[PDB]
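In: When you get a sec, could you give me coordinates for this:
(8 chains)
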Amino acid sequence: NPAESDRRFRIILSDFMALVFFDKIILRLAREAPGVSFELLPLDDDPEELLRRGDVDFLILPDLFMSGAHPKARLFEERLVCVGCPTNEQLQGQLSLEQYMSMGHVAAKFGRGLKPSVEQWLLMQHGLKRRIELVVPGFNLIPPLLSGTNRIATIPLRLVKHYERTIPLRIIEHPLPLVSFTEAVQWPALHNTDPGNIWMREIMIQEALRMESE
Amino acid sequence: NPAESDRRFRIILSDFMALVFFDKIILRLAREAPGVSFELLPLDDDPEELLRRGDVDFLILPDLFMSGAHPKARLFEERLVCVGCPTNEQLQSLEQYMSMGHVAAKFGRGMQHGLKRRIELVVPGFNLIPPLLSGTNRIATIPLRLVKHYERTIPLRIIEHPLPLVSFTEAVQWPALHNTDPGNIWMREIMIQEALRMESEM
Amino acid sequence: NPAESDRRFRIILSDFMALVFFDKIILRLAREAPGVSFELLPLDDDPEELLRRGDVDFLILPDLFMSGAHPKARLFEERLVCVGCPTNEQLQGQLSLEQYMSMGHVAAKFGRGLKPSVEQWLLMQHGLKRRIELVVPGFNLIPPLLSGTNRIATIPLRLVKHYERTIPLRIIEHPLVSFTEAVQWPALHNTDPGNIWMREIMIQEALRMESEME
Amino acid sequence: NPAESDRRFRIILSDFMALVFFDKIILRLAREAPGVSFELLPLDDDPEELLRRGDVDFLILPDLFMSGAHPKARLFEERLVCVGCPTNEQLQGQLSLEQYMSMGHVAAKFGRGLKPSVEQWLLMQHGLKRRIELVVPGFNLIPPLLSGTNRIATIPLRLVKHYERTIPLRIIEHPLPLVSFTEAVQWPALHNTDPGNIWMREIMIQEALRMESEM
Amino acid sequence: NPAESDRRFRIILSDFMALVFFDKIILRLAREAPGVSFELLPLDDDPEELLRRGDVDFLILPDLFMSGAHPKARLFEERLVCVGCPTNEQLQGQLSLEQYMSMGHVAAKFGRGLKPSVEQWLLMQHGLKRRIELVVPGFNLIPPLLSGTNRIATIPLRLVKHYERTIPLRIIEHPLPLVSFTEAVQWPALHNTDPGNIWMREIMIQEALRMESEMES
Amino acid sequence: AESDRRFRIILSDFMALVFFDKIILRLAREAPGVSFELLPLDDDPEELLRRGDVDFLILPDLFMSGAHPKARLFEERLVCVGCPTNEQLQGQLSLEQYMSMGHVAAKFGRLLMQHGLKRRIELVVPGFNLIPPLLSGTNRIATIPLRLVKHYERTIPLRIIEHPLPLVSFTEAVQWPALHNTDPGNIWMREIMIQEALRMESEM
Amino acid sequence: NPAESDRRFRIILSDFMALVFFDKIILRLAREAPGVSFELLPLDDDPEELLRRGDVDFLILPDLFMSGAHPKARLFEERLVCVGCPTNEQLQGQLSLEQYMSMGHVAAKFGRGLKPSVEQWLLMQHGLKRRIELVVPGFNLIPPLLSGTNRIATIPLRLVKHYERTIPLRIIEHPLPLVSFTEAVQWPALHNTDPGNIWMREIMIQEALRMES
Amino acid sequence: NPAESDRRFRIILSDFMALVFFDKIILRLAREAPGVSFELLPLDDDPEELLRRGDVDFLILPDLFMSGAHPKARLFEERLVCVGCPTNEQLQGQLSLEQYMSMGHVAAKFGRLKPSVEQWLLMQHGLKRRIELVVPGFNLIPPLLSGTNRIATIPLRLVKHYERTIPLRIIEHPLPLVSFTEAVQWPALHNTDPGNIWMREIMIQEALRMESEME
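Out: Numbers count the residues shown, from 1 in each chain, chains lettered A, B, ... in the order given. The structure is reproduced below:
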């Protein structure tokens, strides 16, 4: 049976991916197969161990982190942007890093063991002293809380397109380049032979391709 | 001088709350005191111990989970409602026994005695439920305020239910070892002002 | 020969299955293999781990509660029915859902399920107005403690038959909930001839049983 | 007043005392105090430590299992007897001590239990020997599982009566002294005076008196 | 040449064995081997993990506690006995099963143990209800703290003869059979070929032969 | 007074043999229903006290918590010993000669780069009570509390050495859980202990 | 009086502050208050948790790392200069832009640390790159080890001047903004008033101005 | 393939060992293998376990503090000496046990209980400490002993590194001289990693150039 089993699958992803990726995927299988269930989950600190053993069936995440001890398929690429509130005023006209420094910034959890202290010593040792005034858990909350303030942030670009209708966002000429990145999904080794996980992976890669047509 | 302070506070709350509540505190204070920063964490560890040791500042859950020797307060009341998408056929009976698709949230990390049903999806927090439900024709239950928030963005439609509504109590708690700290007091006053300015407006 | 041995098996199972099912195996074996020993353990903890390490021989449980980490086999199917005391003078009628809920409830608590707080929120506003007035450890105390009172409970049907000649109970049609009992074993023991010997006998008696109840 | 309240109590007891004692109290109170709830919790290896943490109201055990740090109150005395299946045809006659300790035993276990080696080390210190062929959790399952086999057990006398219409048993004569223990209830020592707690105590010590009066 | 070594051995053993057995072995290896050094270790609850992990050189226990996961060798047999203070007047004669069960008992805890809830339920279901008045850590304190009180205890017989001069004790006649156990020494399996592990374990096996002849006579 | 409570005390092998055997006899004639359980020390006594898992712990003052009530029992002196058969200790120890000698040591509660010394340790036992019977018959030396030397004066004879360095003494205390301060059972027992401590310093 | 006490204070400070700053205090208090003793403790990822447990008297740190929930003081200022070895040529005053951003850096780690992967995400959050080749525990080692090499580092300016006599180094005018921060000392809040606390605070404020001029 | 790698090695060592040794290692490798990176972790916790879990590659500390069950190799030998500031007065001639036992001492602390320290001291040691300053490591001892009447104990080689800046006065204690052996340990499941074998060979080399030239 290709896609009509009662097999629950366990996925580990970020809120950005769920709201830009799996939403389509759930709609495909919604009409096509009402037999499969899922259980989205959040990112721990040792996701691999969960993969060393089994439990979860996938880990969608930026690749720079994924290790080489397990399968790894490629999905799509995304870039980052420095956004800010339209109502802000000092942001009309490209500005120096000086302003970037002074202006306050928002940021995301990116994990669990934040230990906010260490990051500064680093960036400051490279020549940047940013003042983080608001830390939140994830990306999806950056757009709603920023609007109405004199603060700026760095988020993936696909996000600002999602909120164009509801939250007017202002793409900003950053004083420095905007390295981008690729997204991947990895299946626990010792299970590349399962019947169906392959079908799932296919579903995913497929949508990714579809999604790259823009 | 509270307007010119640089305290950073650590608050544990839920997405729902952040969007429909602390957002308001964030904005005001943004103009009435720019020097103050925040850090919003999610519910993981049994909160008790964090409190017992002073590892956080505040804590915004419904009154149930909250308990102990630690000081508490009160905010607002919340209605629980059951919804679907505007594109379902059957939603226009207990025979249906809500035997359709149910999407749930999952608080915390890690029985048909009365009855059991079908659970299509399982999402960490309440916020995603509305989007991901999309037009799947599955059903779920969320706070009425979250329903009210997506009115001009995500048109859903509230269902009835044979079973009466439930309502619960949002409130803020803090470490008992912190009850007498100028910082802490200044903050909980401001949360209580916005909670009260809310109920009075409707 | 495993039939003339001294082995000691360790089984995790509920008080229901010990009384209704595992009695027979003990008898047969007492005369057929008088050298074997047992320890019956209470269902009081995530078993997955004890299986993983293989410190137990079998786990007998409802099928829906089992993981896919380790092999399993079907035993028989069992039905949940709702009961009341035949003295309960409000049972002569129809059960408007309303009344049902308004009525008093006795419940089985297998394990150590957190603190009421969550438990209360675990009602997750599913509609749960069930007023739980008595919570007991297994299933087997429910008949003798609900007898003589105006309370109702949901228990498996063969347990009602077991007490037919000492505790009369009245089956009620709540405004079918069925499941499959099963036996699971650690993966490392799948070809241990002792497991094969034992798991075969179990499967036989199950068949006898479901032979009659049909 | 307590009898007209919505109070919920949490008691720790064995399956023997739930069946043979707390049943008449659940029944009486279902009528006389229809708002009072109950949660019965199982017994473990260190039961008094839950007392200390503070979540439970009472704890019902034999007497010899209690330290004296917490308050208590007696209930009734209870005798253990040695029973076998009447079909088994060796229990008739007299059991030389050697014959008794050479027979298969069914034994009850409250808590996680212990390794077989350690059981053997303990029985050795007193001249005994390990012939335990079946270990079950609690006292109530034993009479069902002794039936139709050649094994023997030691259970409370009051539980023999319970089963006497469905499961008749042979009371045996072993040249060992009689074992008896007194049952009792205890409650947390650093608890502030509550009149609901004093009410529930009174109901237990009254049911205890009926049981003693009629044996 | 292993007598001229500068090595440290780690041994896991009870205080009873450290006194009746290992005092002799340390004495000689003070003349015949003046470079060796020992660390005596208390007994935990899973002494076996320490073997696998290779952190200790030997483990000495009664064998009914030992596994198949590591090589082992036998040392000697040892008898259990029942004792009491000579002052106690009730002890004159042969104790009845009633009177044995109706006196105060002293007991040692070998591992960490548990509330005797376990032990008591186990023993009541065999027809003994004993009353344990004092629980100590290890056999060696029993004879000092038994002395003076009108209590009894079950200790190994070589401990009785050790304190035979310092602390007088009376041997009672239990109304039930009593038995003997076998002491053994066990070692890691990554070391069945280590030279020092072989040298030391012949010393232990020689000393244990002495002991079944100093006791035979 | 007389009752039937079980107390749980954490103490050393030395304090049991020297100090606690008094209490036991006294109570056997004045409270024959009291019973004890003596346990050894592992670690984090603080938690076992905060949680109320034990009744008392008996040990030197330095280790005591700062968050639970205590009381002073007595003082004890550390002294250095060797065997009488050793024939290098028939004279006063030269600091060199001592420092290059074989040492029995005691390891409590289950190291450090000492700057200024070099000690050779050839025997590590758990506790103090095995040091006398094991050193007896060899040419090693150890540091043990003085009441233990006195305890074995009649069965394990030992030579006290005029150590080259100064002598230290310590005071033995008793602590009990903050939430047990009003327990009438805890109060009756801690009084009997402080009574027997005082009868020692006077009989001396 | 506290200057005749036998008191013992516990200070959490970085190795840099222990040499520039607290050396002077040690000498004066060795003479003016010969009864006093100190125990110095290393820095960490979350030092404040130690104030909260409460067996430490003081914590010295840049203010920007401070939460603001404990009483604080002020001390002096410092400027982070970029450095390099006089034995390298590229640094022919040929200051450039990205080139510097593409050279070996010796970084300092106060704490357990972050996995290399994580570091990148953060630096990428801004327009930067990770080219770390050496991670050392303190700061006081970055110089002695940079010597004889061809990499660049960022260190405190008083540190450069501590070594101008022995470890030559050439400041680099990077195109990046300047960076300065304020050093501070704080003490446990939720503490009972003690004159020894007050007295120690004074000595630190005095020595902070003597070196500021 | 040859020394044109990209590898990151993780080494645990004291501050003293990173100043007197790995500097050289770094220099050499910079010129001979630009592609390798380092991370000097500091000494704390239980070194092992890291090894068992295979999280570091090396562990440099004196051989006396090293376990077995992991491969080791000898680097070189070092002697501990007693030092003071030349400004001090009493620090001349010679000191009897009394004088040494009655001065201010600076001390190095590698790792992380405050009262449990003193009791381990007074045991079998007559340890009248009078510890007046405690720093985390060694390399800070010379800068903070400059200008005090106190005495310390540091490795001789460190004294020589600090000659052109901070002078000292080696003094004869009435106590025995002390020497120890520095050494390097690698995890056991890496005993045959080509990467690890390369690196431990370079180390042993500089450790003989040091012994030979600097004797």
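In: mind listing what residue A:60 touches?
Out: Listed by Cβ atoms under 8 Å, 6 or more residues apart in numbering or on different chains, the contact partners of residue A:60 are A:11, A:12, A:13, A:14, A:17, A:21, A:75, A:183, A:184, A:185. Just so you know, the C-beta spots here come from the backbone N, C-alpha and C atoms, and that holds for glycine as well.
In: Near the first one, how many other residues are there?
Out: Spelled out, that is residue A:11. By the criterion of other Cβ atoms under 10 Å in any protein chain shown, residue A:11 has 20 neighbours.
In: And the fourth one, by the same measure?
Out: Other residues near residue A:14 number 22, with proximity taken as other Cβ under 10 Å.
In: so what's it up against?
Out: Residue A:14 touches A:43, A:60, A:61, A:138, A:139, counting by Cβ under 8 Å, 6+ apart.
In: any idea how far residue G:117 is from it?
Out: Distance of residue A:14 to residue G:117, given as Cβ to Cβ, to the nearest Å: 16 Å.
In: can you map out the helices along chain A?
Out: Applying DSSP state H to chain A gives helices spanning A:15-17, A:23-32, A:47-52, A:97-102, A:116-126, A:142-146, A:157-162, A:197-212.
In: can I get the ones you listed in TSV with distance to chain E and mean neighbour count?
Out: Shown next, in TSV, are the helices of chain A (distance: least, Cβ to the nearest Cβ, whole Å; neighbours: other Cβ atoms under 10 Å in any protein chain shown):
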stretch	distance to chain E	mean neighbour count
helix A:15-17	42	22
helix A:23-32	46	15
helix A:47-52	21	16
helix A:97-102	53	15
helix A:116-126	34	19
helix A:142-146	48	22
helix A:157-162	50	17
helix A:197-212	36	15
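In: Next, format the ones you listed as TSV and append distance to chain C.
Out: Shown next, in TSV, are those (distance: least, Cβ to the nearest Cβ, whole Å):
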stretch	distance to chain C
helix A:15-17	21
helix A:23-32	20
helix A:47-52	13
helix A:97-102	44
helix A:116-126	30
helix A:142-146	25
helix A:157-162	29
helix A:197-212	13
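In: between those helices, which one is nearest to chain G?
Out: helix A:116-126 (4.8 Å; Cβ to the nearest Cβ).
In: Just the CA coordinates for the closest one, please, in CSV.
Out: C-alpha atoms of helix A:116-126 as CSV (Å, rounded to 0.1, in the frame of the first residue of the first chain):
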residue,chain,number,x,y,z
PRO,A,116,23.0,34.9,26.4
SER,A,117,26.3,35.9,27.9
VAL,A,118,28.7,34.1,25.6
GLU,A,119,27.5,35.5,22.3
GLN,A,120,28.5,39.0,23.2
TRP,A,121,32.0,38.3,24.1
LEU,A,122,32.3,36.9,20.6
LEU,A,123,30.8,39.5,18.5
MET,A,124,32.6,42.1,20.5
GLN,A,125,35.9,40.4,19.9
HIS,A,126,35.3,40.7,16.2
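In: close to chain H, is that helix?
Out: No. Judged by Cβ under 8 Å from any Cβ of the partner chain, helix A:116-126 makes no contact with chain H; its nearest approach is 14.0 Å.
In: quick check: angle from that helix to strand G:58-62?
Out: 40 degrees (axes from the mean of the first three to the mean of the last three Cα atoms, to 10 degrees).
In: State the number of residues packed around residue A:46.
Out: Residue A:46 has 8 nearby residues by other Cβ under 10 Å.
In: Residue A:196 too?
Out: Neighbour tally, residue A:196, other Cβ under 10 Å: 15.
In: Tell me who's in contact with it.
Out: Counting by Cβ under 8 Å, 6+ apart, residue A:196 touches A:3, A:5, A:7.
In: Just the buried ones out of the residues you listed, please.
Out: For the contacts of residue A:196, a neighbour count by 16 or more other Cβ atoms under 10 Å in any protein chain shown gives the buried set as residue A:7.
In: Show me the strands in chain A, by range?
Out: Secondary structure of chain A (DSSP state E): strands at A:9-12, A:38-41, A:58-62, A:73-78, A:80-84, A:104-108, A:132-136, A:151-156, A:170-171, A:181-186.
In: what's the closest non-adjacent residue to residue A:149?
Out: residue B:30 (5.0 Å; Cβ to Cβ, 6 or more residues apart in numbering or on different chains).
In: mind checking how far that neighbour is from chain D?
Out: Residue B:30 is 44 Å from chain D, where distance means Cβ to the nearest Cβ, to the nearest Å.
In: which ones are touching the residue of chain A found nearest chain C?
Out: Proximity of chain A to chain C (Cβ to the nearest Cβ) peaks at residue A:54, 7.1 Å away. Applying Cβ under 8 Å, 6+ apart to residue A:54 gives the contacts A:188, A:190, A:191, C:69.
In: Would you check that the third one makes contact with residue A:197?
Out: So the one you mean is residue A:191. Yes. At 6.5 Å, residue A:191 counts as touching residue A:197 under the criterion of Cβ atoms under 8 Å.
In: Need the residues touching each of these two.
Out: residue A:57.
In: Any idea how far apart the tips of stretch A:11-20 sit?
Out: Start to finish, the residues bounding stretch A:11-20 are 15 Å apart (Cα to Cα, to the nearest Å).
In: next one: stretch A:132-147
Out: 16 Å.
In: swap in stretch A:164-183?
Out: OK, stretch A:164-183 end separation, Cα to Cα: 23 Å.
In: how far does it sit from the chain's center?
Out: In terms of Cα atoms, centre = their mean, to the nearest Å, the centre of stretch A:164-183 is found 14 Å from the chain centre.
In: and if you look at stretch A:153-165?
Out: 11 Å.
In: Which residue ranges make up the domains of chain A?
Out: A:9-77+A:181-212, A:80-171 (automatic domain parsing).
In: which of the contacts of residue A:60 lies closest to chain G?
Out: Looking across the contacts of residue A:60 and measuring by Cβ to the nearest Cβ, the closest to chain G is residue A:14, at 12.0 Å.
In: From chain F, how far out is that closest one?
Out: 39 Å.
In: Give me the distance between that residue and chain E.
Out: For residue A:14, the distance to chain E - Cβ to the nearest Cβ - is 40 Å.
In: ok, residue A:147 - contacts?
Out: Contacts of residue A:147 (Cβ under 8 Å, 6+ apart): A:85, A:87, A:167, A:168.
In: Give me the buried subset of these.
Out: A:85, A:167.
In: Report the two of the contacts of residue A:147 separated the most.
Out: A:87 and A:167 (11.6 Å; Cβ to Cβ).
In: Quick check: the residue of chain A nearest chain F.
Out: For chain A, Cβ to the nearest Cβ, closest residue to chain F: residue A:113, 24.9 Å.
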